[PDB]
Amino acid sequence: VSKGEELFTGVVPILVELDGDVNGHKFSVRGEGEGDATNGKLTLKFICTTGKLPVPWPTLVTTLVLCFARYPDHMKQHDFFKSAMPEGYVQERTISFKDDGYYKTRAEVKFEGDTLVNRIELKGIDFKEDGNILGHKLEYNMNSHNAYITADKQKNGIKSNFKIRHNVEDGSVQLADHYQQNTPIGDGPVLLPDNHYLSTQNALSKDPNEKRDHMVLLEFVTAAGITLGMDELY
């Protein structure tokens, strides 16, 4: 059994640190805020600490803490992310932008003291310098999306693939194809889920008093997709 989910019954401080390198354009992002897994809510503010972000903020949303998803009571058995805590998990992605370059990300999500920390290394390769990404042609928003989760028993974790649709400023859509894999950091017991999905919504905004390049982010993540019998009504 895992008492990791007991770490998320209250409001939990969050720290996010990202080092990025896209086509040799280097940058760093630091975010801070708090997560409320009981409601599936994230409240975060991110700052590009190196000045100007060379990619659009929306393209980093998926990279910048699924342990804060709201799993309904009758799905708590399928919450891999909290089960790996406090030792945490590694989250790896390839994000392939269609007709453009790709991100490779490696993150460690784990508790450091009282704070849930997401520390990411990102490399971007083969981008067009005036594509939608390096050219900053994407709208500052984030459509709602459902990401299917499947067990990865042969790696003792989960995997997921899903397509993010970024609205382009001309009205077209930029597809970002995500392939994701998570594996625990510690040796403890983890829950391997049945197939299900996470339903995510986002609101991106700006802080009036912030002169630095930044993103204020509200996010909701709720698990769904596991059929509910009357046996769980008990």
Side-chain angles (χ1 to χ4, degrees), residues 11-20 22 25 27-37 39-70 81 91 93 95-98 100-103 105 107 109 116-120 122 124 127 131-147 160 162-178 180 197-210 212-223:
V11 177
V12 174
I14 297 173
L15 168 69
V16 181
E17 316 183 287
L18 178 146
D19 283 335
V22 176
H25 310 276
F27 58 98
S28 296
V29 174
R30 188 192 185 266
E32 64 188 20
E34 54 184 34
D36 172 12
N39 288 309
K41 180 161 80 199
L42 302 176
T43 301
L44 293 155
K45 177 180 170 187
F46 300 92
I47 284 151
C48 180
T49 56
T50 52
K52 162 81 182 172
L53 192 69
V55 299
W57 279 106
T59 73
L60 301 182
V61 168
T62 62
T63 297
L64 300 166
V65 284
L66 298 170
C67 47
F68 288 105
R70 168 53 188 169
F81 308 102
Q91 178 161 300
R93 288 212 187 89
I95 304 172
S96 308
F97 297 86
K98 188 189 173 45
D100 212 323
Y102 64 93
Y103 295 162
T105 67
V109 185
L116 189 280
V117 178
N118 178 25
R119 188 166 292 114
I120 314 130
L122 178 149
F127 284 87
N132 282 322
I133 290 89
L134 291 181
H136 295 270
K137 303 176 193 192
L138 299 181
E139 299 186 345
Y140 186 71
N141 52 38
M142 190 73 182
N143 294 326
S144 307
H145 183 81
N146 288 330
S160 173
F162 58 92
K163 314 251 221 313
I164 294 295
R165 294 173 79 74
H166 295 294
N167 294 3
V168 190
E169 220 108 77
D170 67 355
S172 52
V173 156
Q174 170 76 54
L175 186 93
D177 202 2
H178 291 57
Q180 173 182 338
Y197 64 97
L198 300 180
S199 191
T200 306
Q201 302 83 32
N202 277 291
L204 311 193
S205 60
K206 300 297 188 171
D207 182 1
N209 307 325
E210 184 58 65
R212 291 166 296 173
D213 202 353
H214 74 287
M215 168 171 71
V216 181
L217 175 148
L218 169 67
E219 183 167 305
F220 290 103
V221 186
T222 313

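Below, each value reflects all heavy atoms present in this structure, side chains not excepted, and no hydrogens, waters or symmetry copies. Here, residue 1 is the first one in the sequence, and each next residue gets the next number.
- One finds the CG atom of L60 at 6.5 Å from the CG atom of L18 (value rounded to the nearest 0.5 Å).
- Annotation for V216 and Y140: closest pair N-OH, 3.8 Å, computed over non-hydrogen atoms.
- Within the 4.5 Å cutoff, the side chain of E210 has heavy atoms near those of the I47 side chain.
- At a cut-off of 3.5 Å, with distance as the only test, a side-chain donor of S199 or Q201 sits close to an acceptor on the other residue.
- Between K41 and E34 there is no salt bridge, since no side-chain N of the basic residue sits under 4.0 Å from a carboxylate O of the acidic one.
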Would you tabulate the side-chain donor-acceptor contacts of residues 48-58 under 3.5 Å, counting partners in other chains and residues two or more places apart, or write 'none'?
unit_1: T50; atom_1: OG1; unit_2: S28; atom_2: N; d: 3.1
unit_1: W57; atom_1: NE1; unit_2: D213; atom_2: OD1; d: 3.0
unit_1: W57; atom_1: NE1; unit_2: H214; atom_2: O; d: 3.3

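- Here CD of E17 is found 7.0 Å from CZ of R30. Values are rounded to the nearest 0.5 Å.
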Audit row: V29, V16, side chain to side chain contact (heavy atoms under 4.5 Å, CB included) steps and yes/no
CA-CA 8 Å; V29 174; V16 181; 5.9 Å; no

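- Of all non-hydrogen atoms in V109 and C67, the two that sit nearest each other are CG1-SG, 4.0 Å.
- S205 contributes atom OG, which lies 8.0 Å from atom CG of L217 (distance to the nearest 0.5 angstrom).
- The distance from the CZ atom of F68 to the CG atom of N39 is 12.5 Å, given to the nearest 0.5 Å.
- To the nearest 0.5 angstrom, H145 atom NE2 is 10.0 Å from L198 atom CG.
- Two residues are said to be in side-chain contact when any heavy atoms from C-beta on lie closer than 4.5 Å; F27 and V22 meet this criterion.
- With hydrogens and angles left out, the side-chain atoms of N132 and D100 include no donor and acceptor closer than 3.5 Å.
- Listed for the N202 side chain is no donor-acceptor partner under 3.5 Å among the backbone atoms of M142.
- Of all heavy-atom pairs spanning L44 and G33, the tightest one is CD2-N, 3.5 Å.
- Within a 6.0 Å radius of CD in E139, other residues, nucleotides and ligands contribute more than 12 heavy atoms.
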Residues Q180, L66; criterion side chain to side chain contact (heavy atoms under 4.5 Å, CB included); working and verdict:
CA-CA 12 Å; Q180 173 182 338; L66 298 170; 3.7 Å; yes

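- A salt bridge between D177 and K98 is absent, with no side-chain N of the basic residue lying under 4.0 Å from a carboxylate O of the acidic one.
- For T105, the side-chain contact (heavy atoms from CB on, under 4.5 Å) partners two or more places apart in sequence, or in a different chain, are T63, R93, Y103, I120, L122.
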Start with the C-alpha gap between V221 and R70, add the side-chain angles, then the distance that decides, and say whether side chain to side chain contact (heavy atoms under 4.5 Å, CB included) holds.
CA-CA 6 Å; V221 186; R70 168 53 188 169; over 6 Å; no

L64/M215 under side chain to side chain contact (heavy atoms under 4.5 Å, CB included): CA gap, chis, key distance, verdict:
CA-CA 11 Å; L64 300 166; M215 168 171 71; 3.8 Å; yes

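- Heavy-atom minimum distance, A107 versus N118: CB-OD1, 3.4 Å.
- Of the inter-residue distances, the one linking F127 atom CZ with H25 atom NE2 reads 10.5 Å to the nearest 0.5 angstrom.
- Listed by chain and residue number, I95, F97, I164, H166, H178 satisfy the side-chain contact (heavy atoms from CB on, under 4.5 Å) test with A176 (two or more places apart in sequence, or in another chain).
- Taking a cutoff of 4.0 Å between a charged side-chain nitrogen and a carboxylate oxygen, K137 and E169 do not qualify as a salt bridge.
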